[PDB]
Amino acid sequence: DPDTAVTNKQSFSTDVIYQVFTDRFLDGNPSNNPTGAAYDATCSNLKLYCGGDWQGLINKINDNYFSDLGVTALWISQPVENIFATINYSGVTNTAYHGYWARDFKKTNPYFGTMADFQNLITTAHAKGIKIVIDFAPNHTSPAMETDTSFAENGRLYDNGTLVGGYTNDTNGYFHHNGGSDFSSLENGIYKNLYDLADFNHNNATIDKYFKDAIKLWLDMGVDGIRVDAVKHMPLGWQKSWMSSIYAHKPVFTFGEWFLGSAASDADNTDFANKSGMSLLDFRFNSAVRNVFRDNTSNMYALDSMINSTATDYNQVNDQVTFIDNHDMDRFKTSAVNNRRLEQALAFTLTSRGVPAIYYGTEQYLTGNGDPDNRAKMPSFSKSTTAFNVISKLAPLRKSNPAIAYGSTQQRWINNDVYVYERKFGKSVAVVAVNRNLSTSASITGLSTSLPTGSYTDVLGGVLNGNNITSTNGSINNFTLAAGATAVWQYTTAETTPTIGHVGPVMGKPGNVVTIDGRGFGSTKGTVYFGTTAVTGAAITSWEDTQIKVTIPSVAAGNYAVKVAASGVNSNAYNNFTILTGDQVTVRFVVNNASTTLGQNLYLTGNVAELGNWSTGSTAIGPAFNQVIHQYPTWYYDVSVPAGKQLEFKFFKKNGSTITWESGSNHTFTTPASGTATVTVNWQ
């Protein structure tokens, strides 16, 4: 199938995702609505259920609202059964309308629909070329008070109807009983409760197994992608192990939410995107876009600086999901914000790198500050706004022009209020010019681009005052960019040599199938390379001009560049593919008596690529934790490691450049065939 097909669950680079709160979009079936105090027919009390459901989403796919808007994927609320109880938080009744307070991850939420309704959502969507992404929240169940079992449902978890356990009298240790996080460190936010939400203990092997089994059920139902909630609040090691079981079973595009409040690099956030096996919501792109277009606190140089720095930090910047707002911040539209600034921020997100997501109602200019006002009922299904028109003209370009979906980004002209940038992939080129100044036009002279000689019409057809241009071997004739204008000019052609645009997933064990997307691979099965290893023949499960599916070779675990050769021409290399040693389990490593100096941290390495193959650098594990589950001078860390394998390891202390290793012989441990384990040793 081509890269562009609805069938491509491994890459959303050619898609535009529409993020919807299922409850707030359309009540397509009033008979499944909640009753009593939990429901509000008028939807003016935004903490209660308004009644929106999966039949409502089926209706709008069927009357072409989404196809006309041009979105090609729906990201919906968590589909699983949530608590039924209502919770009174200081006088105001709160419900689980948002989907985040799960109680059974193997059943549907009956207010959104039955399993049959879910299956009908998947079929209807796929028949229209729309992918389905679901929220999944493995960090917690629901609000719970250990001392008061009458509060809410005491965070009880059910396994398809059978009780597994609640937060009070949790003798099995399914949940953490460490109090609530104060968010003072990474560690503190992982092993304590987020507010009053009962925190899962994923080191408990029943819970590990439960979540591997629960996600398999939803993948077997045809979901195309997963948005993981609260990835900052769960151990990276457990999440990498859970990600490797998804990719070994039915690989789908997965991204997480790790909140950031500015456009600055955050080392922990960069590491998570690079090492976990999943990508992230791009809050750094989002802060720069709001600062420049919404709040006027930065100018166009902050936009370009964020483009360069994120392309540098993230190994696969094209896997990061971009947006101008969402469920965690004020709606982009405010009375102080003009419509053209929102339309411009949409035009910029849709033509920039990453996977763009639009929060439902953006095309209707929905307002709302804070939670829950930013989650208002979908106000109209009008197809007439300029915002609607901008998304329907630009979203198709991610499918028809590979420079938008996969290209690099280069600055071509910039000053405080004007930004002109270019996307390029092979011979395809897209150039976007934006003038955010609402009252004065800009005379543009000396612009050079990669557009071939020719004249170019604005893809937006002048709806944002864009103009047409003329290229003479890339030099653009002088023109005036109007007040508030944005114009998009493009050139696509067929690629003749192989060039790789995306590989998904970028982590797996031998035997897993990965998807290579791009252009110019031809119809004749060639060879794929993982480093030096050539993979040919039957190992390549399908080969066409824009997409290859290939089995990962049995080669040593490590970091590899993937390259394709078609008719003796070698492509560009796609870097940083992780091959794992095999199936993964999560092991908690605990080391006693490791005293340290001020500013000295503890790290772990060992003899498999998952522990860094004896390196003391960025592939080593750590720094280890020492506050919540075990306390200094005991340190601990949860690590994804190959299953059923005898491992050798040592801890080491590192303060700057100087490394001090444990003495003696290596510690050894044989990992379990599945699940989790804990190994405790003493510092030598």
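Start at 1 and count along the sequence shown; that's the residue number.
Quick check on the record: does 533 to 541 or 139 to 147 carry the larger mean Cα temperature factor? For C-alpha atoms only, the mean B-factor is higher in 533 to 541.
Which is higher on mean Cα B factor in this entry, 488 to 496 or 265 to 273?
According to the PDB entry, the answer is 488 to 496.
Select one of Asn188, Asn82, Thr206, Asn465: the residue whose C-alpha shows the highest B-factor in the crystal structure entry.
Answer, based on the entry's C-alpha B-factors: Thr206.
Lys60, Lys650, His630, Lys654, ranked by C-alpha B-factor: the highest one: It is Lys654.
Q) What third of the chain, by the recorded C-alpha B-factor, contains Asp27? A) Middle third, going by the recorded CA B-factors of the chain.
Going by the recorded CA B-factors, say which third of the chain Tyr65 sits in, lowest, middle or highest. Middle third - that is where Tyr65 ends up once the chain's C-alpha B-factors are sorted.
Third of the chain's Cα B-factor distribution that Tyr636 belongs to, per the entry
Lowest third - that is where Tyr636 ends up once the chain's C-alpha B-factors are sorted.
Where does the C-alpha B-factor of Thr14 rank in its chain, lowest, middle or highest third? Middle third, going by the recorded CA B-factors of the chain.
Lowest, middle or highest third: where is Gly256 by C-alpha B factor in its chain?
Its C-alpha B-factor belongs to the lowest third of this chain's values.
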